[PDB]
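Asks: The following file, model-v1.pdb, comprises PDB, C-alpha atoms:
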ATOM      1  CA  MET A   3     -19.502  -3.491   0.775  1.00  0.00           C
ATOM      2  CA  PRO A   4     -18.496  -6.502  -1.295  1.00  0.00           C
ATOM      3  CA  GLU A   5     -18.902  -4.018  -4.142  1.00  0.00           C
ATOM      4  CA  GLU A   6     -16.977  -1.574  -1.959  1.00  0.00           C
ATOM      5  CA  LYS A   7     -14.259  -4.206  -1.470  1.00  0.00           C
ATOM      6  CA  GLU A   8     -13.641  -4.489  -5.209  1.00  0.00           C
ATOM      7  CA  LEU A   9     -13.579  -0.690  -5.488  1.00  0.00           C
ATOM      8  CA  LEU A  10     -10.666  -0.516  -3.021  1.00  0.00           C
ATOM      9  CA  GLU A  11      -8.977  -3.211  -5.088  1.00  0.00           C
ATOM     10  CA  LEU A  12      -9.267  -1.078  -8.221  1.00  0.00           C
ATOM     11  CA  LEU A  13      -8.121   1.994  -6.285  1.00  0.00           C
ATOM     12  CA  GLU A  14      -5.082   0.091  -4.994  1.00  0.00           C
ATOM     13  CA  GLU A  15      -4.044  -0.793  -8.555  1.00  0.00           C
ATOM     14  CA  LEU A  16      -4.563   2.854  -9.531  1.00  0.00           C
ATOM     15  CA  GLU A  17      -2.392   3.938  -6.596  1.00  0.00           C
ATOM     16  CA  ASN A  18       0.275   1.465  -7.622  1.00  0.00           C
ATOM     17  CA  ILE A  19       0.301   2.848 -11.153  1.00  0.00           C
ATOM     18  CA  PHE A  20       0.648   6.369  -9.823  1.00  0.00           C
ATOM     19  CA  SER A  21       3.663   5.561  -7.725  1.00  0.00           C
ATOM     20  CA  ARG A  22       5.331   3.955 -10.749  1.00  0.00           C
ATOM     21  CA  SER A  23       4.590   6.668 -13.332  1.00  0.00           C
ATOM     22  CA  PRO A  24       2.160   9.611 -13.195  1.00  0.00           C
ATOM     23  CA  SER A  25       2.990  10.252 -16.863  1.00  0.00           C
ATOM     24  CA  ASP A  26       1.337   6.958 -17.866  1.00  0.00           C
ATOM     25  CA  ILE A  27      -1.854   8.223 -16.239  1.00  0.00           C
ATOM     26  CA  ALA A  28      -1.549  11.575 -18.049  1.00  0.00           C
ATOM     27  CA  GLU A  29      -1.240   9.725 -21.366  1.00  0.00           C
ATOM     28  CA  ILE A  30      -4.580   7.948 -20.816  1.00  0.00           C
ATOM     29  CA  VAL A  31      -6.169  11.226 -19.647  1.00  0.00           C
ATOM     30  CA  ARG A  32      -5.027  12.746 -22.965  1.00  0.00           C
ATOM     31  CA  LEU A  33      -6.353   9.816 -25.025  1.00  0.00           C
ATOM     32  CA  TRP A  34      -9.747  10.051 -23.313  1.00  0.00           C
ATOM     33  CA  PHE A  35     -10.255  13.816 -23.268  1.00  0.00           C
ATOM     34  CA  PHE A  36      -9.529  14.421 -26.978  1.00  0.00           C
ATOM     35  CA  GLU A  37     -12.232  12.008 -28.232  1.00  0.00           C
TER      36      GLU A  37
ATOM     37  CA  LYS B   4     -23.513   3.321 -19.072  1.00  0.00           C
ATOM     38  CA  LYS B   5     -21.879   4.939 -22.164  1.00  0.00           C
ATOM     39  CA  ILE B   6     -19.507   7.642 -20.868  1.00  0.00           C
ATOM     40  CA  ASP B   7     -18.048  10.485 -22.933  1.00  0.00           C
ATOM     41  CA  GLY B   8     -14.248  10.523 -22.992  1.00  0.00           C
ATOM     42  CA  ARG B   9     -14.094  13.938 -21.338  1.00  0.00           C
ATOM     43  CA  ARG B  10     -16.140  12.716 -18.372  1.00  0.00           C
ATOM     44  CA  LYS B  11     -13.990   9.575 -18.112  1.00  0.00           C
ATOM     45  CA  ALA B  12     -10.877  11.713 -17.649  1.00  0.00           C
ATOM     46  CA  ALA B  13     -12.684  13.844 -15.061  1.00  0.00           C
ATOM     47  CA  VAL B  14     -13.877  10.792 -13.112  1.00  0.00           C
ATOM     48  CA  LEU B  15     -10.336   9.399 -13.034  1.00  0.00           C
ATOM     49  CA  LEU B  16      -8.812  12.615 -11.704  1.00  0.00           C
ATOM     50  CA  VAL B  17     -11.530  12.986  -9.059  1.00  0.00           C
ATOM     51  CA  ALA B  18     -10.861   9.379  -7.998  1.00  0.00           C
ATOM     52  CA  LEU B  19      -7.163  10.148  -7.628  1.00  0.00           C
ATOM     53  CA  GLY B  20      -7.874  12.933  -5.134  1.00  0.00           C
ATOM     54  CA  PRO B  21      -6.409  16.433  -5.343  1.00  0.00           C
ATOM     55  CA  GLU B  22      -2.743  15.828  -4.448  1.00  0.00           C
ATOM     56  CA  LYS B  23      -2.270  13.013  -6.964  1.00  0.00           C
ATOM     57  CA  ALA B  24      -4.462  14.613  -9.629  1.00  0.00           C
ATOM     58  CA  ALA B  25      -2.373  17.808  -9.459  1.00  0.00           C
ATOM     59  CA  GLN B  26       0.812  15.780  -9.992  1.00  0.00           C
ATOM     60  CA  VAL B  27      -0.716  14.018 -13.021  1.00  0.00           C
ATOM     61  CA  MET B  28      -1.779  17.363 -14.494  1.00  0.00           C
ATOM     62  CA  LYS B  29       1.767  18.741 -14.486  1.00  0.00           C
ATOM     63  CA  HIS B  30       2.353  16.293 -17.360  1.00  0.00           C
ATOM     64  CA  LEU B  31      -0.238  18.181 -19.447  1.00  0.00           C
ATOM     65  CA  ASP B  32       0.035  21.565 -21.093  1.00  0.00           C
ATOM     66  CA  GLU B  33      -1.647  24.694 -19.775  1.00  0.00           C
ATOM     67  CA  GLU B  34      -4.576  24.706 -22.224  1.00  0.00           C
ATOM     68  CA  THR B  35      -5.400  21.030 -21.641  1.00  0.00           C
ATOM     69  CA  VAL B  36      -5.366  21.604 -17.871  1.00  0.00           C
ATOM     70  CA  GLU B  37      -7.817  24.501 -18.198  1.00  0.00           C
ATOM     71  CA  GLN B  38     -10.331  22.420 -20.127  1.00  0.00           C
ATOM     72  CA  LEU B  39      -9.956  19.537 -17.686  1.00  0.00           C
ATOM     73  CA  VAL B  40     -10.545  21.721 -14.612  1.00  0.00           C
ATOM     74  CA  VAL B  41     -13.744  22.942 -16.288  1.00  0.00           C
ATOM     75  CA  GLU B  42     -14.869  19.349 -16.863  1.00  0.00           C
ATOM     76  CA  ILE B  43     -13.964  18.458 -13.278  1.00  0.00           C
ATOM     77  CA  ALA B  44     -15.778  21.527 -11.931  1.00  0.00           C
ATOM     78  CA  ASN B  45     -19.053  20.532 -13.612  1.00  0.00           C
ATOM     79  CA  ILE B  46     -18.746  16.776 -13.005  1.00  0.00           C
ATOM     80  CA  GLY B  47     -21.592  16.634 -10.500  1.00  0.00           C
ATOM     81  CA  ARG B  48     -22.326  13.332  -8.793  1.00  0.00           C
ATOM     82  CA  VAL B  49     -20.260  10.289  -9.791  1.00  0.00           C
ATOM     83  CA  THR B  50     -22.182   7.033  -9.559  1.00  0.00           C
ATOM     84  CA  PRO B  51     -20.435   3.950  -8.133  1.00  0.00           C
ATOM     85  CA  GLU B  52     -20.888   2.225 -11.500  1.00  0.00           C
ATOM     86  CA  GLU B  53     -19.368   5.118 -13.459  1.00  0.00           C
ATOM     87  CA  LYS B  54     -16.389   5.079 -11.097  1.00  0.00           C
ATOM     88  CA  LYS B  55     -15.891   1.309 -11.382  1.00  0.00           C
ATOM     89  CA  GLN B  56     -16.283   1.396 -15.185  1.00  0.00           C
ATOM     90  CA  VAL B  57     -13.743   4.195 -15.583  1.00  0.00           C
ATOM     91  CA  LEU B  58     -11.266   2.474 -13.279  1.00  0.00           C
ATOM     92  CA  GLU B  59     -11.592  -0.867 -15.117  1.00  0.00           C
ATOM     93  CA  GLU B  60     -10.975   0.683 -18.538  1.00  0.00           C
ATOM     94  CA  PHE B  61      -8.103   2.786 -17.175  1.00  0.00           C
ATOM     95  CA  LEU B  62      -6.296  -0.278 -15.783  1.00  0.00           C
ATOM     96  CA  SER B  63      -6.671  -2.253 -19.042  1.00  0.00           C
ATOM     97  CA  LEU B  64      -5.263   0.714 -20.999  1.00  0.00           C
ATOM     98  CA  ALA B  65      -2.352   1.250 -18.584  1.00  0.00           C
ATOM     99  CA  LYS B  66      -1.307  -2.406 -18.811  1.00  0.00           C
ATOM    100  CA  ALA B  67      -1.447  -2.447 -22.630  1.00  0.00           C
ATOM    101  CA  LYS B  68       2.216  -1.423 -22.886  1.00  0.00           C
ATOM    102  CA  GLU B  69       3.343  -4.078 -20.375  1.00  0.00           C
ATOM    103  CA  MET B  70       4.944  -7.318 -21.457  1.00  0.00           C
ATOM    104  CA  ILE B  71       3.056 -10.234 -19.922  1.00  0.00           C
ATOM    105  CA  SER B  72       4.912 -13.242 -18.518  1.00  0.00           C
ATOM    106  CA  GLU B  73       2.574 -15.925 -17.100  1.00  0.00           C
ATOM    107  CA  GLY B  74       0.251 -14.990 -14.247  1.00  0.00           C
ATOM    108  CA  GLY B  75      -2.507 -16.553 -16.321  1.00  0.00           C
ATOM    109  CA  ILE B  76      -3.946 -18.680 -13.524  1.00  0.00           C
ATOM    110  CA  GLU B  77      -4.757 -15.729 -11.256  1.00  0.00           C
ATOM    111  CA  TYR B  78      -6.081 -13.933 -14.330  1.00  0.00           C
ATOM    112  CA  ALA B  79      -8.368 -16.828 -15.254  1.00  0.00           C
ATOM    113  CA  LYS B  80      -9.551 -17.071 -11.641  1.00  0.00           C
ATOM    114  CA  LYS B  81     -10.715 -13.448 -11.611  1.00  0.00           C
ATOM    115  CA  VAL B  82     -12.436 -13.759 -14.998  1.00  0.00           C
ATOM    116  CA  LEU B  83     -14.281 -16.941 -13.989  1.00  0.00           C
ATOM    117  CA  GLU B  84     -15.475 -15.635 -10.622  1.00  0.00           C
ATOM    118  CA  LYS B  85     -16.636 -12.304 -12.076  1.00  0.00           C
ATOM    119  CA  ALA B  86     -18.427 -14.053 -14.932  1.00  0.00           C
ATOM    120  CA  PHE B  87     -20.056 -16.975 -13.142  1.00  0.00           C
ATOM    121  CA  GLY B  88     -19.318 -16.873  -9.419  1.00  0.00           C
ATOM    122  CA  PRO B  89     -16.856 -19.299  -7.818  1.00  0.00           C
ATOM    123  CA  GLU B  90     -19.270 -22.196  -7.232  1.00  0.00           C
ATOM    124  CA  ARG B  91     -20.350 -22.409 -10.895  1.00  0.00           C
ATOM    125  CA  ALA B  92     -16.743 -21.738 -12.011  1.00  0.00           C
ATOM    126  CA  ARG B  93     -15.579 -24.887 -10.170  1.00  0.00           C
ATOM    127  CA  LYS B  94     -17.983 -26.994 -12.225  1.00  0.00           C
ATOM    128  CA  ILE B  95     -17.142 -25.375 -15.568  1.00  0.00           C
ATOM    129  CA  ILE B  96     -13.492 -26.399 -15.252  1.00  0.00           C
ATOM    130  CA  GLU B  97     -14.731 -29.852 -14.157  1.00  0.00           C
ATOM    131  CA  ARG B  98     -15.173 -30.896 -10.504  1.00  0.00           C
TER     132      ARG B  98
END
As structure tokens, what does this structure read like?

Replies:
Amino acid sequence: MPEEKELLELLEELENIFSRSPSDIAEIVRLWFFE
Amino acid sequence: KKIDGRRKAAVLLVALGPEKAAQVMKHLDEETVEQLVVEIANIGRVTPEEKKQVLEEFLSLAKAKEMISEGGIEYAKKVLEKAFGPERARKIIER
């Protein structure tokens, strides 16, 4: 639950990134999936 | 501990949840999406450590393009407390 607390922190940053640009997430998905 | 890049992408999209993952995937072509849905479909259980590792690497990569202007104190605080805990950190930087 302290560990859970830092998970929500990471998820909040992820959420923030999504609302700014889903295409920046797609770019990292691409990078990862093709090696 | 060492995660294949295909599984990393699948863990990230699962963590986003279906409505946000679907929006991300519209930025990818049809053939990429089909391979990703197959990786997602066979992802199985995601451990809490896998999830945290993927999220940490994702955030570092997403900020790579960003110009940094100060904020170093808060950054150093998080590094010190993750590395050593706050009580030891206080003594490292000198009482």

Asks: Please write out, as JSON, where the centre of an axis-aligned box around all listed atoms of range 21-37 of chain A lies and how long its edges are, in Å to one decimal, after adding 3 Å on each side.

Replies:
{"center_x": -3.5, "center_y": 9.2, "center_z": -18.0, "size_x": 23.6, "size_y": 16.5, "size_z": 26.5}

Asks: Residues near residue 36 in chain A, anyone? I mean within 10 Å using only C-alpha atoms, not counting same-chain ones fewer than 5 positions away, as number ranges by chain.

Replies: A: 31; B: 8-9, 12, 35

Asks: Name the residues that the PyMOL selection byres ((chain B) within 9 of (chain A)) picks from the file above, as a list in words, using the file's chain letters and numbers.

Replies: residues 7, 8, 9, 10, 11, 12, 13, 15, 16, 18, 19, 23, 26, 27, 28, 29, 30, 31, 35, 39, 51, 54, 55, 58, 59, 61, 62, 64 and 65 of chain B

Asks: What does the file look like for those residues with C-alpha atoms, as a PDB file, in the frame of the given file?

Replies:
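Output file result-v5.pdb follows:
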ATOM      1  CA  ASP B   7     -18.048  10.485 -22.933  1.00  0.00           C
ATOM      2  CA  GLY B   8     -14.248  10.523 -22.992  1.00  0.00           C
ATOM      3  CA  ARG B   9     -14.094  13.938 -21.338  1.00  0.00           C
ATOM      4  CA  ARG B  10     -16.140  12.716 -18.372  1.00  0.00           C
ATOM      5  CA  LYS B  11     -13.990   9.575 -18.112  1.00  0.00           C
ATOM      6  CA  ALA B  12     -10.877  11.713 -17.649  1.00  0.00           C
ATOM      7  CA  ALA B  13     -12.684  13.844 -15.061  1.00  0.00           C
ATOM      8  CA  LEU B  15     -10.336   9.399 -13.034  1.00  0.00           C
ATOM      9  CA  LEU B  16      -8.812  12.615 -11.704  1.00  0.00           C
ATOM     10  CA  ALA B  18     -10.861   9.379  -7.998  1.00  0.00           C
ATOM     11  CA  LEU B  19      -7.163  10.148  -7.628  1.00  0.00           C
ATOM     12  CA  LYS B  23      -2.270  13.013  -6.964  1.00  0.00           C
ATOM     13  CA  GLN B  26       0.812  15.780  -9.992  1.00  0.00           C
ATOM     14  CA  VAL B  27      -0.716  14.018 -13.021  1.00  0.00           C
ATOM     15  CA  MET B  28      -1.779  17.363 -14.494  1.00  0.00           C
ATOM     16  CA  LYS B  29       1.767  18.741 -14.486  1.00  0.00           C
ATOM     17  CA  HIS B  30       2.353  16.293 -17.360  1.00  0.00           C
ATOM     18  CA  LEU B  31      -0.238  18.181 -19.447  1.00  0.00           C
ATOM     19  CA  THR B  35      -5.400  21.030 -21.641  1.00  0.00           C
ATOM     20  CA  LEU B  39      -9.956  19.537 -17.686  1.00  0.00           C
ATOM     21  CA  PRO B  51     -20.435   3.950  -8.133  1.00  0.00           C
ATOM     22  CA  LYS B  54     -16.389   5.079 -11.097  1.00  0.00           C
ATOM     23  CA  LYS B  55     -15.891   1.309 -11.382  1.00  0.00           C
ATOM     24  CA  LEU B  58     -11.266   2.474 -13.279  1.00  0.00           C
ATOM     25  CA  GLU B  59     -11.592  -0.867 -15.117  1.00  0.00           C
ATOM     26  CA  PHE B  61      -8.103   2.786 -17.175  1.00  0.00           C
ATOM     27  CA  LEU B  62      -6.296  -0.278 -15.783  1.00  0.00           C
ATOM     28  CA  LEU B  64      -5.263   0.714 -20.999  1.00  0.00           C
ATOM     29  CA  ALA B  65      -2.352   1.250 -18.584  1.00  0.00           C
TER      30      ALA B  65
END

Asks: At what distance in Å, to one decimal, does CA of residue 93 in chain B lie from CA of residue 80 in chain B?

Replies: 10.0 Å

Asks: Go ahead and compute the interatomic distance for CA of residue 79 in chain B and CA of residue 98 in chain B, in Å to one decimal.

Replies: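 Distance between the two atoms: 16.3 Å.
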
Asks: Enter the distance from CA of residue 96 in chain B to CA of residue 71 in chain B, in Å, rounded to one decimal.

Replies: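 For CA of residue 96 in chain B relative to CA of residue 71 in chain B, the distance reads 23.6 Å.
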
Asks: Nearest to residue 21 in chain B among B:57, B:66, B:89, B:43, with distances taken over all atoms listed in the file: which residue is it?

Replies: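 Among B:57, B:66, B:89, B:43, it is B:43 that comes nearest to residue 21 in chain B.
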